[PDB]
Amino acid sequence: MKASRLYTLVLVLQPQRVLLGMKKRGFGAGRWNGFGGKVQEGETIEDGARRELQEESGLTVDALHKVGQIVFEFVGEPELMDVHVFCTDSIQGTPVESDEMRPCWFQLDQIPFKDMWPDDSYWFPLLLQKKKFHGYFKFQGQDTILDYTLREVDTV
């Protein structure tokens, strides 16, 4: 049994493009990703996701929808990362670079998988198909998956 810490991840997914951010420092630096971070005390997971989206991309959204949950384990780290994944298609301002992230739109036939976390190759296609999912990935360092599970689910 391991303890887990709550994180969020938000994908702004439109009909033909997705907004990603290049992580400029910290965890996962150098990889394109959705926006997110730790959930803080007192806020719902969805509201923490909205907050991180605003902080890292400048975008303010009224609502998100849950699309998946992914648990990450790292060799040498006792704490699991419990990542709650959300989407929205509906925005009304422009993305702006933050200290954490440089936002960029990608067409949906140009998803930059080689410059994303390796696990994203497995679950991101489900997100694109509008399937909901649960995943688990064990990493050695940043690059190497030692074990993983991925399951489509009816409810996140």
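When you see a residue number, it is the position in the sequence shown, counting from 1. We call the rigid core whatever largest set of C-alpha positions still superposes within 1.5 Å between the two forms.
With 117-125 and 87-95 as candidates, the stretch whose CA atoms show the greater average offset from this form in 5 other deposited structures of this protein after a core fit is 87-95. Choosing between 6-14 and 135-143, the greater Cα displacement from the shown form in 5 other deposited structures of this protein, fitted by the core, goes with 135-143. Between 140-148 and 19-27, it is 19-27 that carries the larger average Cα temperature factor according to the deposited entry.
Stretch comparison (112-120 versus 96-104) by mean CA B-factor in the PDB entry places 96-104 on top. Of the candidates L64, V67, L53, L126, it is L64 whose Cα B-factor is highest according to the PDB record.
Placement of the Cα temperature factor of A49 within the chain: middle third of the modelled residues, per the deposited record.
For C87, the recorded CA temperature factor ranks within the lowest third of the chain's modelled residues.
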